[PDB]
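**Q** Got a structure for you, questions after.
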There are 2 protein chains.
Amino acid sequence: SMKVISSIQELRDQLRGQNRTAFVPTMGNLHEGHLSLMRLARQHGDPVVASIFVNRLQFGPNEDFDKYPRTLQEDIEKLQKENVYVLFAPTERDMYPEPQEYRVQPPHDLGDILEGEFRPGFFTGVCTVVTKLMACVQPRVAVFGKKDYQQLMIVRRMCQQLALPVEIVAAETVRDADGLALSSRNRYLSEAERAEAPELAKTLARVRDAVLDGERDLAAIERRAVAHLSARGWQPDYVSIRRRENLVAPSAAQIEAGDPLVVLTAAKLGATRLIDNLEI
Amino acid sequence: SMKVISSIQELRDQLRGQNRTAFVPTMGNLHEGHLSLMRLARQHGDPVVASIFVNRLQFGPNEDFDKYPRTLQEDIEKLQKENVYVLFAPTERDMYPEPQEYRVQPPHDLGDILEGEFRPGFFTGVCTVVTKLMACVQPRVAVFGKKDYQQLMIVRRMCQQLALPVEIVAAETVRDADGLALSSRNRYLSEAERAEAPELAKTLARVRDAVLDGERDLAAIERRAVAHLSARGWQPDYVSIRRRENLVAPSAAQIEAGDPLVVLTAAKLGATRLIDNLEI
Ligand SMILES: Nc1ncnc2c1ncn2[C@@H]1O[C@H](COP(=O)(O)O)[C@@H](O)[C@H]1O
Ligand SMILES: Nc1ncnc2c1ncn2[C@@H]1O[C@H](COP(=O)(O)O)[C@@H](O)[C@H]1O
Ligand SMILES: [Cl-]
Ligand SMILES: [Cl-]
Ligand SMILES: [Cl-]
Ligand SMILES: [Cl-]
């Protein structure tokens, strides 16, 4: 029987003595992408612990904290079917009984680019809540999705640099039949927006092919991709082809030596901000 | 510059003393799928050696050996952009100067199911040519794609069971913008068929979703998916949900335990036989 636990102390009592816990943090409103992570966690540890917490610290004042989808009863029903031992679903009073004034700050060269330039402070909000959730759960492993590629790398290096004894396991991005990367925010899209939304992944597939087919001027590829999206009524923040190892743009020499690359993008359809990426 | 070599003895002299070679065998008419594998190979060894050879042994008399696309000069131009040190492109007199009568035979149970049920003797043709290619190139590593998932498992077990000192590295499937797995045989499809062909991958995504969402009657999912493709004018051979470890159907107990699964399909669109799979 799955335990739903809001209290930090109760969570510690339930997990007392567990040395192989696999942890999957989420913000709830569960879809097939989350469920895929739950299944992967079970191959890497036991028991599997899920968290559902919408973290105010990683939302900016002009973002979507108040309308973020919240469907805890259904989330519970889904987790029950996937052999998950504990759901940690703290209230905001449990996680933040007084305002949070201790923060985990990531490196400037990694936290302030890409998602960090367009969402100032975002990864301070993420690193702070993830450190806290790991200190509550004390897992051996934690599963993060490649869908939030920058996040995944930030959390990996956080654990290493803060000496947290947690191994990070990366999960592949789960997509809808039409190629759109699954996200609770996909719910915000109108019918017309939903029909256009798959164009973001298609654009990534086309930039992938151009790199594989030998095009060396990466910035020109990025610019064409941005213009293609803009002409169809998107407002892109970026399309950026970077090294997987440090999310820096490769030099000419690194392009020739075939350093593994990833193309990352974020782009709005109306007020809804979608992100996706494709390893190359 | 890339060396293109036809003679086995010359290949041996070129690769003499190389203990870290990564090998990528292909049947030519190269597309972005193959190029992806070349890039991955470079991460796992050096030099990267490609081969291009249409293998008569893995085509039945009613299949497409004579029409199989051959575009060697294009293939050479594409490989030159991917850092590839040697193309091994033997003629049929180079590989088979007399009829091939020594054959490597895989187990029945692996074997004669799925692709081997619908293409009798296929994996004997594959295991034979692959063994021969490995003996010619003598790589440390060889890269095979998940697109041919059953092939990938068959070649891995083959190497371990014949004590071939070659590590198999698996590559993720590369799909088109529209989700269709790239294959040199995509060429065969009419335009109408090309527009329908993404439905295979879409059907796999929905099978995946049904399993993740908790449907335990896997045979029922399989039957719907088959019936779905038929109603749309496909001739399906199979849609089958198997365990990744051994390609056997899981017991109810193994479903409950979350043994990693994969859904596999093969289906005809007119005369063209397409295959695809998705890890669940
Ligand atoms: N479509 C997806 N495929 C794989 N992982 C995902 C997907 N969507 C979200 N995730 C991951 O699920 C975890 C929680 O996501 P969220 O619920 O957005 O906080 C994170 O590790 C995300 O990267
Ligand atoms: N679309 C694809 N994505 C990834 N690998 C592929 C793809 N198509 C073919 N391959 C692999 O590339 C190699 C050569 O395939 P082929 O040229 O069909 O014999 C095999 O290891 C295939 O599984
Ligand atoms: Cl909630
Ligand atoms: Cl990687
Ligand atoms: Cl990968
Ligand atoms: Cl696997």
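Naming scheme: A, B, ... for chains in displayed order of the structure tokens; residues 1 onward per chain; ligands 1 onward as shown.
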Residues within 8 Å of ligand 1, counting only C-alpha atoms and all ligand atoms: report them as a PDB file with N, CA, C and O atoms, in the first residue's frame.
**A**
```pdb
ATOM      1  N   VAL A  24      12.717  10.142  -7.144  1.00  0.00           N
ATOM      2  CA  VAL A  24      12.300  10.909  -8.322  1.00  0.00           C
ATOM      3  C   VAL A  24      11.510  12.191  -7.953  1.00  0.00           C
ATOM      4  O   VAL A  24      10.298  12.116  -7.701  1.00  0.00           O
ATOM      5  N   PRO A  25      12.183  13.352  -7.884  1.00  0.00           N
ATOM      6  CA  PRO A  25      11.449  14.590  -7.618  1.00  0.00           C
ATOM      7  C   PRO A  25      10.647  15.106  -8.826  1.00  0.00           C
ATOM      8  O   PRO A  25      11.145  15.134  -9.959  1.00  0.00           O
ATOM      9  N   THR A  26       9.409  15.520  -8.550  1.00  0.00           N
ATOM     10  CA  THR A  26       8.517  16.056  -9.554  1.00  0.00           C
ATOM     11  C   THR A  26       7.731  17.247  -8.972  1.00  0.00           C
ATOM     12  O   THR A  26       7.711  17.491  -7.753  1.00  0.00           O
ATOM     13  N   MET A  27       7.101  18.000  -9.873  1.00  0.00           N
ATOM     14  CA  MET A  27       6.164  19.052  -9.482  1.00  0.00           C
ATOM     15  C   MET A  27       4.703  18.615  -9.705  1.00  0.00           C
ATOM     16  O   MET A  27       3.795  19.445  -9.728  1.00  0.00           O
ATOM     17  N   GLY A  28       4.461  17.313  -9.840  1.00  0.00           N
ATOM     18  CA  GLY A  28       3.093  16.806  -9.947  1.00  0.00           C
ATOM     19  C   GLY A  28       2.432  16.943 -11.312  1.00  0.00           C
ATOM     20  O   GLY A  28       3.086  17.264 -12.339  1.00  0.00           O
ATOM     21  N   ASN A  29       1.114  16.687 -11.315  1.00  0.00           N
ATOM     22  CA  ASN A  29       0.314  16.580 -12.546  1.00  0.00           C
ATOM     23  C   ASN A  29       0.963  15.583 -13.500  1.00  0.00           C
ATOM     24  O   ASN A  29       1.406  15.924 -14.599  1.00  0.00           O
ATOM     25  N   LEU A  30       0.977  14.331 -13.046  1.00  0.00           N
ATOM     26  CA  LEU A  30       1.788  13.292 -13.639  1.00  0.00           C
ATOM     27  C   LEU A  30       1.297  12.850 -14.997  1.00  0.00           C
ATOM     28  O   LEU A  30       0.099  12.634 -15.190  1.00  0.00           O
ATOM     29  N   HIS A  31       2.268  12.705 -15.909  1.00  0.00           N
ATOM     30  CA  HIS A  31       2.096  12.189 -17.262  1.00  0.00           C
ATOM     31  C   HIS A  31       3.084  11.047 -17.560  1.00  0.00           C
ATOM     32  O   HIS A  31       3.879  10.628 -16.709  1.00  0.00           O
ATOM     33  N   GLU A  32       3.015  10.501 -18.767  1.00  0.00           N
ATOM     34  CA  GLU A  32       3.824   9.358 -19.131  1.00  0.00           C
ATOM     35  C   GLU A  32       5.337   9.587 -19.016  1.00  0.00           C
ATOM     36  O   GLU A  32       6.073   8.628 -18.825  1.00  0.00           O
ATOM     37  N   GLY A  33       5.791  10.830 -19.088  1.00  0.00           N
ATOM     38  CA  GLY A  33       7.201  11.132 -18.876  1.00  0.00           C
ATOM     39  C   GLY A  33       7.631  10.836 -17.442  1.00  0.00           C
ATOM     40  O   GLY A  33       8.631  10.160 -17.215  1.00  0.00           O
ATOM     41  N   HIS A  34       6.854  11.323 -16.482  1.00  0.00           N
ATOM     42  CA  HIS A  34       7.100  10.994 -15.055  1.00  0.00           C
ATOM     43  C   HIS A  34       7.044   9.530 -14.774  1.00  0.00           C
ATOM     44  O   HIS A  34       7.856   9.000 -14.019  1.00  0.00           O
ATOM     45  N   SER A  36       7.573   6.970 -16.758  1.00  0.00           N
ATOM     46  CA  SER A  36       8.802   6.416 -17.305  1.00  0.00           C
ATOM     47  C   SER A  36       9.994   6.576 -16.317  1.00  0.00           C
ATOM     48  O   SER A  36      10.796   5.635 -16.140  1.00  0.00           O
ATOM     49  N   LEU A  37      10.095   7.726 -15.647  1.00  0.00           N
ATOM     50  CA  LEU A  37      11.155   7.912 -14.647  1.00  0.00           C
ATOM     51  C   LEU A  37      10.954   6.985 -13.452  1.00  0.00           C
ATOM     52  O   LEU A  37      11.927   6.454 -12.925  1.00  0.00           O
ATOM     53  N   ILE A  52       6.135  15.147  -4.913  1.00  0.00           N
ATOM     54  CA  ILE A  52       5.319  16.086  -5.655  1.00  0.00           C
ATOM     55  C   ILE A  52       5.301  17.371  -4.834  1.00  0.00           C
ATOM     56  O   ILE A  52       4.815  17.397  -3.699  1.00  0.00           O
ATOM     57  N   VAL A  54       5.220  21.763  -5.823  1.00  0.00           N
ATOM     58  CA  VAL A  54       5.363  22.906  -6.719  1.00  0.00           C
ATOM     59  C   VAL A  54       6.157  23.971  -5.948  1.00  0.00           C
ATOM     60  O   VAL A  54       5.662  24.542  -4.996  1.00  0.00           O
ATOM     61  N   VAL A 143      16.673  10.145 -10.039  1.00  0.00           N
ATOM     62  CA  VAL A 143      16.452  10.157 -11.487  1.00  0.00           C
ATOM     63  C   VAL A 143      15.949  11.553 -11.947  1.00  0.00           C
ATOM     64  O   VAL A 143      14.938  12.070 -11.435  1.00  0.00           O
ATOM     65  N   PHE A 144      16.663  12.138 -12.907  1.00  0.00           N
ATOM     66  CA  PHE A 144      16.278  13.397 -13.560  1.00  0.00           C
ATOM     67  C   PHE A 144      16.169  13.205 -15.086  1.00  0.00           C
ATOM     68  O   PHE A 144      16.868  12.376 -15.682  1.00  0.00           O
ATOM     69  N   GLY A 145      15.266  13.961 -15.713  1.00  0.00           N
ATOM     70  CA  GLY A 145      14.975  13.783 -17.147  1.00  0.00           C
ATOM     71  C   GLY A 145      15.886  14.602 -18.030  1.00  0.00           C
ATOM     72  O   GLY A 145      16.227  15.710 -17.679  1.00  0.00           O
ATOM     73  N   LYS A 146      16.279  14.062 -19.177  1.00  0.00           N
ATOM     74  CA  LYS A 146      17.035  14.848 -20.169  1.00  0.00           C
ATOM     75  C   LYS A 146      16.203  15.974 -20.769  1.00  0.00           C
ATOM     76  O   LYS A 146      16.762  16.889 -21.338  1.00  0.00           O
ATOM     77  N   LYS A 147      14.885  15.904 -20.636  1.00  0.00           N
ATOM     78  CA  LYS A 147      13.986  16.965 -21.107  1.00  0.00           C
ATOM     79  C   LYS A 147      14.390  18.340 -20.529  1.00  0.00           C
ATOM     80  O   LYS A 147      14.372  19.337 -21.235  1.00  0.00           O
ATOM     81  N   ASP A 148      14.744  18.373 -19.257  1.00  0.00           N
ATOM     82  CA  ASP A 148      15.374  19.522 -18.648  1.00  0.00           C
ATOM     83  C   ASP A 148      16.866  19.267 -18.603  1.00  0.00           C
ATOM     84  O   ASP A 148      17.441  18.936 -17.581  1.00  0.00           O
ATOM     85  N   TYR A 149      17.487  19.408 -19.767  1.00  0.00           N
ATOM     86  CA  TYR A 149      18.880  18.992 -19.949  1.00  0.00           C
ATOM     87  C   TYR A 149      19.859  19.785 -19.095  1.00  0.00           C
ATOM     88  O   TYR A 149      20.708  19.210 -18.405  1.00  0.00           O
ATOM     89  N   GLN A 151      19.086  21.597 -16.379  1.00  0.00           N
ATOM     90  CA  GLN A 151      18.776  21.145 -15.029  1.00  0.00           C
ATOM     91  C   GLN A 151      19.517  19.879 -14.644  1.00  0.00           C
ATOM     92  O   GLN A 151      20.118  19.804 -13.570  1.00  0.00           O
ATOM     93  N   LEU A 152      19.441  18.866 -15.502  1.00  0.00           N
ATOM     94  CA  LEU A 152      20.073  17.579 -15.216  1.00  0.00           C
ATOM     95  C   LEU A 152      21.576  17.766 -14.947  1.00  0.00           C
ATOM     96  O   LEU A 152      22.122  17.276 -13.927  1.00  0.00           O
ATOM     97  N   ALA A 171      17.279  10.133 -17.475  1.00  0.00           N
ATOM     98  CA  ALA A 171      16.197   9.469 -18.208  1.00  0.00           C
ATOM     99  C   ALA A 171      15.966  10.154 -19.555  1.00  0.00           C
ATOM    100  O   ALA A 171      16.010  11.397 -19.633  1.00  0.00           O
ATOM    101  N   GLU A 172      15.722   9.357 -20.601  1.00  0.00           N
ATOM    102  CA  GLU A 172      15.344   9.918 -21.906  1.00  0.00           C
ATOM    103  C   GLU A 172      13.990  10.634 -21.871  1.00  0.00           C
ATOM    104  O   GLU A 172      13.065  10.246 -21.135  1.00  0.00           O
ATOM    105  N   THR A 173      13.902  11.667 -22.706  1.00  0.00           N
ATOM    106  CA  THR A 173      12.708  12.451 -22.861  1.00  0.00           C
ATOM    107  C   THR A 173      11.624  11.603 -23.489  1.00  0.00           C
ATOM    108  O   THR A 173      11.856  10.950 -24.530  1.00  0.00           O
ATOM    109  N   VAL A 174      10.450  11.618 -22.855  1.00  0.00           N
ATOM    110  CA  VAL A 174       9.254  11.008 -23.423  1.00  0.00           C
ATOM    111  C   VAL A 174       8.388  12.020 -24.190  1.00  0.00           C
ATOM    112  O   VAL A 174       8.064  13.079 -23.678  1.00  0.00           O
ATOM    113  N   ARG A 175       8.018  11.645 -25.420  1.00  0.00           N
ATOM    114  CA  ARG A 175       7.240  12.476 -26.335  1.00  0.00           C
ATOM    115  C   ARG A 175       5.897  11.865 -26.648  1.00  0.00           C
ATOM    116  O   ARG A 175       5.723  10.661 -26.605  1.00  0.00           O
ATOM    117  N   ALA A 181       7.340  17.042 -26.723  1.00  0.00           N
ATOM    118  CA  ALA A 181       7.823  16.558 -25.427  1.00  0.00           C
ATOM    119  C   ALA A 181       6.748  16.776 -24.372  1.00  0.00           C
ATOM    120  O   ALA A 181       6.234  17.871 -24.240  1.00  0.00           O
ATOM    121  N   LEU A 182       6.433  15.728 -23.613  1.00  0.00           N
ATOM    122  CA  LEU A 182       5.347  15.772 -22.614  1.00  0.00           C
ATOM    123  C   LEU A 182       5.694  16.741 -21.490  1.00  0.00           C
ATOM    124  O   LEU A 182       6.843  16.825 -21.048  1.00  0.00           O
ATOM    125  N   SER A 183       4.698  17.521 -21.093  1.00  0.00           N
ATOM    126  CA  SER A 183       4.850  18.507 -20.038  1.00  0.00           C
ATOM    127  C   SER A 183       3.459  18.872 -19.566  1.00  0.00           C
ATOM    128  O   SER A 183       2.541  19.020 -20.364  1.00  0.00           O
ATOM    129  N   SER A 184       3.332  19.003 -18.258  1.00  0.00           N
ATOM    130  CA  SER A 184       2.104  19.464 -17.639  1.00  0.00           C
ATOM    131  C   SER A 184       1.646  20.809 -18.202  1.00  0.00           C
ATOM    132  O   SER A 184       0.451  21.055 -18.293  1.00  0.00           O
TER     133      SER A 184
END
```
**Q** Write out as a list in words all residues of region 51-96 of chain A that DSSP puts in strand (DSSP E or B) for this structure's backbone.
**A** residues 51, 52, 86, 87 and 88 of chain A
**Q** Could you write out the selected residues, including C-alpha atoms, as a PDB file, in the first residue's frame?
**A**
```pdb
ATOM      1  CA  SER A  51       7.995  13.708  -4.443  1.00  0.00           C
ATOM      2  CA  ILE A  52       5.319  16.086  -5.655  1.00  0.00           C
ATOM      3  CA  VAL A  86       6.286   6.427  -0.834  1.00  0.00           C
ATOM      4  CA  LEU A  87       4.907   9.651  -2.138  1.00  0.00           C
ATOM      5  CA  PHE A  88       6.370  12.683  -0.414  1.00  0.00           C
TER       6      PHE A  88
END
```
**Q** When you draw a straight line from CA of residue 164 (chain B) to atom 8 (N, counted along the ligand's line) of ligand 2, how long is it in Å?
**A**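 So the two atoms, CA of residue 164 (chain B) and atom 8 (N, counted along the ligand's line) of ligand 2, lie 24.0 Å apart.
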**Q** Would you give me, as JSON, numbers by chain, the residues of chain A that come within 9 Å of chain B, using only C-alpha atoms?
**A** {"A": [31, 32, 35, 36, 39, 40, 42, 43, 78, 81, 82, 83, 175, 176, 177, 178, 179, 199, 201, 202, 203, 204, 205, 206, 208, 209, 212, 213, 214, 256, 257, 258, 259, 260, 280]}
**Q** Pick out the residues no farther than 9 Å from ligand 4, counting only C-alpha atoms and all ligand atoms, and list them as a list in words.
**A**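 The residues within 9 Å of ligand 4, counting only C-alpha atoms and all ligand atoms, are residues 170, 244, 245, 260, 261, 262 and 279 of chain A.
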**Q** Of the residues B:2, B:159, B:231, B:180, which is the one nearest to ligand 2, using only C-alpha atoms and all ligand atoms?
**A**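 Using only C-alpha atoms and all ligand atoms, ligand 2 sits closest to B:180.
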**Q** One decimal, Å: what's the distance from CA of residue 135 (chain A) over to CA of residue 57 (chain A), could you say?
**A**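 These two atoms are separated by 17.2 Å.
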**Q** Using CA of residue 224 (chain A) and CA of residue 115 (chain A) as the two end points, give the distance in Å to one decimal.
**A** 20.3 Å
**Q** Taking only C-alpha atoms and all ligand atoms into account, which residues are within 10 Å of ligand 3, as a ChimeraX atom specification?
**A** /A:27-29,52-54,68-73,75,89-92
**Q** Set the distance at 12 Å and use only C-alpha atoms: which residues neighbour residue 222 (chain B) once local chain neighbours fewer than 2 positions away are removed? I'd like the list as a ChimeraX atom specification.
**A** /B:203-204,206-208,210-211,215-220,224-229,236-242,249,263-265
**Q** Env of residue 119 (chain B): 10 Å cut, atoms = only C-alpha atoms, seq-sep filter 4 positions within chain, self excluded. Answer as a list in words.
**A**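 Result of the neighbour search: residues 58, 59, 60, 63, 112, 113, 114, 115 and 123 of chain B.
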**Q** Residue 45 (chain B): which residues within 7 Å, counting only C-alpha atoms, same-chain residues fewer than 5 positions away excluded, as a PyMOL selection string?
**A** chain B and resi 20-22+141
